[PDB]
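Working notes, structure below.
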Amino acid sequence: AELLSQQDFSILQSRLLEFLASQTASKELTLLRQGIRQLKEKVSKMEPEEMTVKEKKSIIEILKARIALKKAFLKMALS
Amino acid sequence: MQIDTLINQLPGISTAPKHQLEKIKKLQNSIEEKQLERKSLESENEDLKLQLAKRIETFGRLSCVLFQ
């Protein structure tokens, strides 16, 4: 049950809200603490895996320029 | 016994070479004309090869430059 997506964020926020509205000891808080535990372990398993997201965009575009030129040249010889 | 059986293995042949000689001359003429045909078609071949080679060369330099 592990993936670090937006949906489990919204899960977190909904847990927070439900805690606030619930408010000695709390069965909603302990559910919240399980949730933050899960997200903590999900971020601990997390790996940085970073190359520049701006560079990412740029190489998407120049690579796409490559591909378009490839198909242009290929169809050029086939004609 | 082996010599005898080999003598039987021996096929009789005319000592005269006229039949063989004529065969020989036919083969020589034959390979001569086939060699001429090969020569004509071979010159045309090499000309063709030069043409395609030029088109190749254009392709190679163009492709390299443009993609890189």
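Residue numbers (PDB author numbering), protein chains in the order written: chain F, 12 to 34, 41 to 96; chain D, 70 to 137. Virtual Cβ for every residue (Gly too), placed ideally from N, Cα, C.
Which residues of chain F have a Cβ atom closer than 8 Å to the Cβ of residue i, listed in chain order?
i        : result
D:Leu135 : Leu86, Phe90
D:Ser132 : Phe90
How would you call residue i, buried or exposed, if buried means at least 16 neighbouring beta carbons within 10 angstroms?
i        : result
D:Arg130 : exposed
F:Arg26  : buried
Using three-state DSSP, classify residue i as helix, strand or coil.
i        : result
F:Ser16  : coil
F:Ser61  : helix
D:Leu75  : helix
F:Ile84  : helix
D:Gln137 : coil
D:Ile100 : helix
D:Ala85  : coil
F:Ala94  : helix
Q. Does the stretch 55–72 of chain F touch the stretch 15–33 of chain F, meaning 3 or more C-beta pairs lie closer than 8 Å?
A. yes
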